[PDB]
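What follows is a set of notes on a single structure, which appears directly below.
Neighbour counts are summed over all protein chains in view; Cβ atoms, including those assigned to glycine, are modelled from backbone coordinates with ideal geometry. A short reminder: the numbers here are calculations on the coordinates, not readings from a lab.
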Amino acid sequence: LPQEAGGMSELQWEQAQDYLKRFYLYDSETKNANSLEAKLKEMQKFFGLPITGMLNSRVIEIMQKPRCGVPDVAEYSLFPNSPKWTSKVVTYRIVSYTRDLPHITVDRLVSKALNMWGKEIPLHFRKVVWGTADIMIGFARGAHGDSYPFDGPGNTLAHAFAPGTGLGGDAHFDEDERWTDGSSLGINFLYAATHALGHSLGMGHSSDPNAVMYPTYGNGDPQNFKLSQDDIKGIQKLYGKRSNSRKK
Ligand SMILES: CCCCCCCCCCCCCC(=O)OC[C@H](COP(=O)(O)OCC[N+](C)(C)C)OC(=O)CCCCCCCCCCCCC
Ligand SMILES: CCCCCCCCCCCCCC(=O)OC[C@H](COP(=O)(O)OCC[N+](C)(C)C)OC(=O)CCCCCCCCCCCCC
Ligand SMILES: CCCCCCCCCCCCCC(=O)OC[C@H](COP(=O)(O)OCC[N+](C)(C)C)OC(=O)CCCCCCCCCCCCC
Ligand SMILES: CCCCCCCCCCCCCC(=O)OC[C@H](COP(=O)(O)OCC[N+](C)(C)C)OC(=O)CCCCCCCCCCCCC
Ligand SMILES: CCCCCCCCCCCCCC(=O)OC[C@H](COP(=O)(O)OCC[N+](C)(C)C)OC(=O)CCCCCCCCCCCCC
Ligand SMILES: CCCCCCCCCCCCCC(=O)OC[C@H](COP(=O)(O)OCC[N+](C)(C)C)OC(=O)CCCCCCCCCCCCC
Ligand SMILES: CCCCCCCCCCCCCC(=O)OC[C@H](COP(=O)(O)OCC[N+](C)(C)C)OC(=O)CCCCCCCCCCCCC
Ligand SMILES: CCCCCCCCCCCCCC(=O)OC[C@H](COP(=O)(O)OCC[N+](C)(C)C)OC(=O)CCCCCCCCCCCCC
Ligand SMILES: CCCCCCCCCCCCCC(=O)OC[C@H](COP(=O)(O)OCC[N+](C)(C)C)OC(=O)CCCCCCCCCCCCC
Ligand SMILES: CCCCCCCCCCCCCC(=O)OC[C@H](COP(=O)(O)OCC[N+](C)(C)C)OC(=O)CCCCCCCCCCCCC
Ligand SMILES: CCCCCCCCCCCCCC(=O)OC[C@H](COP(=O)(O)OCC[N+](C)(C)C)OC(=O)CCCCCCCCCCCCC
Ligand SMILES: CCCCCCCCCCCCCC(=O)OC[C@H](COP(=O)(O)OCC[N+](C)(C)C)OC(=O)CCCCCCCCCCCCC
Ligand SMILES: CCCCCCCCCCCCCC(=O)OC[C@H](COP(=O)(O)OCC[N+](C)(C)C)OC(=O)CCCCCCCCCCCCC
Ligand SMILES: [Ca+2]
Ligand SMILES: [Ca+2]
Ligand SMILES: [Zn+2]
Ligand SMILES: [Zn+2]
C-alpha cells in the first residue's frame, strides 16, 4: 500500500532520529550515534519488526508515530513533581476549531474523551463556551510560537501543558494535520485527543500493554480498546474517597 515516508527524500531519517531526543527534553540513551543506532534497533524490537536493524521506511513509521514532540517528563514549563489538578471539578473551552470539519467533531469528541476519563475517575468537567476556563483547547497552525521545529502535516499533532492554575492544562492541536470524522482518510481525532487530554489531566505512560497511552499509539480507530485499572488505581487516590477498612 502507499505511504508518504516511502516517497520522501532520505533526509527524513535524521529528522526522525533528531525528533526522539525532544520526547524527554534530552535522552542520554538517544545521545551519541552509537547509542542512537542501538536504541533504534530497540525500537524495532519493541514494535515487533522481523529485522532489528532494518533500513526500510517502515522504521520511519515507528519513529514518527502519532504522539507529541515535547518533554513528556515533568517539564515543558513544569517543576520536577507529578502534576495533578488541586480539585475534582475542572472546566474546558474549545477556543478554536478546524475549517476542514465542523465544530461538532471537536466539541462532542473532546467531551467524549473527557467522559472516558470521568466515568471511571469522579472528576467533574464543565463546558465553558464564553468565559474563563481551566483547559483552553485550540486548534492551531504551528507558526504561533512553541519551541522545536514548526510542523505541518506529519510528525507531531498536539502539544499539551500539564495541570496549571493559569497557563497550564491547555492544548493546541495541529490544524495542518488532516483529522477525519466520516471520511477515514485522516488521523482519528478522538483517539489522539484522549492522550492529549490525559496530559491536561496530568497522567503518565504505563508499561502495561492494556493501557491506552502506551506509546505504540496509532492513527486509525482501535478495534480492541481497554484501560489498565492497575494504572488508574493511583489516580483514584487523588480525586476519589479513601474507603479501606484500615484507611478511611
Ligand atoms: C464592508 C466591509 C466588510 C469586511 C468583512 C471582513 C470580515 C468580517 C467578518 C470576519 C472577521 C475576520 C477577523 C479575522 O480574520 O481576524 C484575523 C486576525 C485574527 O487572529 P486569528 O488567529 O485569525 O483569529 C483568532 C481568533 N480565533 C482563533 C478565535 C478565531 O486578526 C488580525 O490579523 C488583525 C485584525 C485587525 C483589524 C483592525 C481593524 C479593522 C477595521 C475594519 C473596518 C472596515 C470598515 C468598512
Ligand atoms: C457591521 C456590519 C455587519 C457586521 C457583521 C458581523 C461582523 C463580525 C466580526 C467577527 C470577528 C470575529 C473574530 C475572529 O477571530 O474571526 C475569525 C474568522 C472566523 O474564525 P473561525 O471561524 O475560528 O475561523 C478561523 C480562521 N481559519 C479558517 C483560518 C481557521 O475568520 C473569518 O471569518 C475569515 C474571513 C475571511 C474573508 C476573506 C474574504 C472573503 C471574500 C467574501 C467575498 C468573496 C467574493 C467573491
Ligand atoms: C481591488 C480591491 C479588492 C481586492 C480584493 C482581493 C482579495 C482580498 C482578500 C483578502 C483576504 C485573503 C485571505 C483569503 O483568501 O481568505 C480566504 C477565505 C478563507 O480561507 P480559509 O477557509 O481560511 O482557508 C482556506 C483554505 N483553502 C484556500 C485551501 C481553501 O475564503 C473565503 O471566505 C471564500 C469562501 C466562500 C465565501 C462565500 C461568499 C459568497 C458571497 C457572500 C456575500 C455575502 C453578503 C456580502
Ligand atoms: C478582508 C475582508 C475581505 C472582504 C470581505 C467582503 C465581505 C465579506 C462578507 C462576509 C462573507 C461571508 C461569507 C459566508 O460565509 O456566507 C455564508 C454564511 C455561512 O455559509 P456556510 O457554508 O456556513 O459557510 C461557508 C463559508 N466558509 C466555508 C468559508 C465558512 O451564512 C451565515 O453565516 C449566516 C449569517 C446570518 C446572519 C448575518 C448578520 C449580518 C448582516 C450583515 C452582514 C454584512 C457582512 C459584511
Ligand atoms: C450561480 C452559480 C454560482 C457559481 C459558483 C459561484 C462561486 C461563489 C462561491 C461559492 C462558495 C461555496 C461556499 C463555500 O464557502 O465553499 C468553500 C470552498 C471550499 O470549502 P471546503 O471546506 O474545502 O469545502 C470542503 C468540503 N468538505 C468538507 C465536505 C470536503 O471553496 C473555497 O474556499 C474557495 C472558493 C472560491 C470562490 C471564488 C469565487 C469568485 C467568483 C468569480 C468572481 C469574479 C469577480 C470579477
Ligand atoms: C457581485 C459579486 C457576486 C459574487 C457571488 C455572489 C453570489 C454567490 C452565490 C453563492 C452560492 C453558492 C452555493 C453553493 O456552492 O452550493 C453548492 C451546492 C452544494 O452545496 P453542498 O455541498 O450541499 O453544501 C455543503 C456545505 N456543508 C458541508 C457546510 C453542509 O451545489 C449543488 O448542490 C448543485 C445542485 C444543482 C442541482 C440542479 C440545478 C439544476 C439547474 C438548472 C438550470 C438550467 C440549466 C439550463
Ligand atoms: C445607546 C445607543 C447605542 C447604539 C449602538 C450600540 C452599540 C453596541 C455595541 C456592543 C458591543 C459589543 C462588543 C462585544 O461583542 O462585546 C462582548 C461582550 C461580552 O462578550 P461575552 O462575554 O462573550 O458575552 C457573553 C454573554 N452573552 C453571550 C450573553 C452576550 O458583550 C457585552 O459586554 C455587551 C456590551 C454592551 C456595550 C454597549 C456600550 C454602549 C455605550 C454607548 C454610548 C452612547 C452612544 C450614543
Ligand atoms: C428596544 C429594544 C432594546 C432595549 C434595550 C434595553 C437594555 C438592554 C441591555 C442588554 C444587555 C445585554 C446586551 C447584550 O450583550 O445582548 C446580546 C444579544 C445576544 O448576544 P448573544 O448572541 O447571546 O451573544 C452573541 C455574541 N457576542 C457575545 C460575541 C456578541 O443581542 C441580540 O440578541 C441581538 C441579535 C442581533 C442579530 C441580528 C442579525 C440579523 C440582522 C438582519 C440580517 C438580515 C440578513 C438578510
Ligand atoms: C484583485 C487582484 C488579486 C486577485 C487574486 C487574489 C488572491 C487572494 C489570495 C489569498 C491568499 C490566501 C488564501 C487563504 O486561504 O487565506 C486564508 C487565511 C488564513 O491563512 P492561515 O494560514 O490559516 O492563517 C494565516 C495567518 N497570517 C495571515 C497571519 C499569516 O485567512 C486569513 O488570514 C483571514 C484574513 C483576515 C484579515 C483581517 C480582516 C480585518 C477586517 C478588514 C476589513 C477591510 C475593509 C477594507
Ligand atoms: C476590501 C479589502 C480587502 C483587503 C483588506 C485588508 C487585508 C489586509 C491584510 C493583509 C494580510 C497580510 C498577511 C501576510 O503578510 O501573511 C503572509 C501571506 C502568506 O504567507 P504564506 O504564503 O502562508 O507564507 C508565510 C507563512 N509560512 C512561511 C509559515 C508558511 O501573504 C504573503 O506572503 C504575500 C502578501 C502579498 C501582498 C501583495 C499585495 C500586492 C498588491 C498590493 C496593492 C498594490 C497596489 C496599491
Ligand atoms: C471601524 C471598525 C472598528 C473595528 C474595531 C474592532 C475592535 C475589535 C477588538 C478585537 C480584540 C481582540 C483581542 C485579542 O487579542 O484577542 C485574541 C484572540 C486570539 O489571541 P491569540 O490566540 O494570541 O491568537 C493567536 C494567533 N496568532 C498570533 C497567530 C494571531 O484573537 C481574536 O479574538 C481575533 C480578533 C479579530 C478581530 C478583527 C477585528 C475586525 C473584524 C471585522 C469587523 C468588520 C465590521 C464591518
Ligand atoms: C478604529 C478602531 C480600531 C481598533 C482595532 C483593534 C484591533 C485589534 C486586533 C487584535 C487582533 C488579534 C489577533 C492578531 O494579533 O493577529 C495578528 C496577525 C498575525 O499574527 P502573527 O502572524 O503571529 O504576527 C504577530 C505580530 N504582529 C501583530 C505585530 C504582526 O497580525 C497581522 O496579520 C497584522 C494585521 C494588520 C492589519 C490588517 C487589517 C487592516 C485593516 C484595513 C482597514 C481599511 C479600512 C478602510
Ligand atoms: C494584480 C497584481 C498585484 C496583486 C498580487 C497578489 C499576490 C498575492 C499573494 C497572496 C498570498 C500567496 C500565498 C498564500 O496562498 O498563502 C496562504 C495562506 C494560507 O492559505 P490557507 O489554506 O489558510 O493555508 C492553510 C494551511 N494549509 C496550507 C496547510 C492548507 O494565506 C495567509 O496566510 C493569508 C494571506 C493574506 C494575503 C493578503 C493579500 C491577498 C491578495 C491581495 C491582492 C490585492 C490586489 C489589489
Ligand atoms: Ca503535524
Ligand atoms: Ca489553563
Ligand atoms: Zn505522553
Ligand atoms: Zn502552542
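Some observations on this one:
- Helix-only arithmetic for the chain: the sum of -39500 (n - 2.57) across DSSP H runs with n ≥ 4, divided by the residue total, places the mean residue ellipticity at 222 nm at -7500 deg cm²/dmol.
- Coupling constants for segment 93-102 follow from the phi torsions by the Karplus curve (6.51 cos²θ - 1.76 cosθ + 1.60, θ = phi - 60°), and in residue order they are 8, 7, 5, 8, 7, 7, 8, 6, 8, x Hz; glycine and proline get x.
- Computed extension length for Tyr24-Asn219: 68.0 nm, one decimal, from 0.36 nm per residue of separation with the Cα-Cα distance subtracted.
- Rounded to whole Hz, the Karplus (6.51, -1.76, 1.60) HN-Hα couplings of segment 59-75, x for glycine and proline: 7, 5, 3, 7, 7, 9, 2, x, 7, 6, x, 10, x, 9, 10, 5, 2
- Here is the list for segment 29-109: GluC sites (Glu not before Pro) lying in DSSP coil, each with at most 14 other C-beta atoms within 10 angstrom of its C-beta, are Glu29, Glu75.
- Fewest-first sequence of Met43, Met136 by Cβ atoms within 10 Å of each Cβ: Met43, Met136
- For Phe173, the residues whose modelled amide H falls within less than 5 Å of its own, excluding neighbours fewer than 5 places apart on the same chain, are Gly138, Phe139, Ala140.
- Gaussian network model of the chain, Cα within-10 Å springs - most flexible of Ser200, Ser96, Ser35: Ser35
- Amide proton proximity set for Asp72, modelled H, under 5 Å, gap of 5+: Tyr24, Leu25
- When segment 1-122 is reduced to its Cα atoms, the Kirkwood hydrodynamic radius in Å: 18.0 Å
- Based on every Cα atom in segment 128-243, Rg and the maximum pairwise Cα distance Dmax equal 15.7, 49 Å.
- Proximal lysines to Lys226, defined as alpha-carbon separation beneath 28 angstrom and excluding residues fewer than eight positions away on the same chain: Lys45, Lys65, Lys84, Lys88, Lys112, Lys119, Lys127, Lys237, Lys241
- Three-way shape call for segment 135-202 based on the alpha-carbon gyration tensor, with the a/c threshold at 1.5: oblate
- Listed by chain and number, the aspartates and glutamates placed with their C-alpha closer than 12 angstrom to that of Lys31 are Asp18; residues fewer than eight positions away on the same chain are left out.
- For the options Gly234, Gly131, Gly220, a Gaussian network treatment of the chain with springs between C-alpha atoms closer than 10 Å singles out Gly131 as fluctuating the most.
- One quarter of the convex hull surface built on the alpha carbon atoms of the chain amounts to 15.5 nm², the projected area averaged over directions.
- Net charge, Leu190 excluded, C-beta distance under 13 Å - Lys, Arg +1, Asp, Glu -1: -1
- Estimated translational D of segment 31-99 in µm²/s (Stokes, Kirkwood radius over Cα pairs; 25 °C; 0.890 mPa s): 152 µm²/s
- Taking θ as phi - 60° and the Karplus parameters 6.51, -1.76 and 1.60, the scalar couplings of segment 140-146 work out to 9, 8, x, 10, 8, x, 8 Hz in sequence order, x denoting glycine and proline.
- Built amide H within the under 5 Å cut-off of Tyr92, gap 5+: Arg126, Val128, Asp134, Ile135
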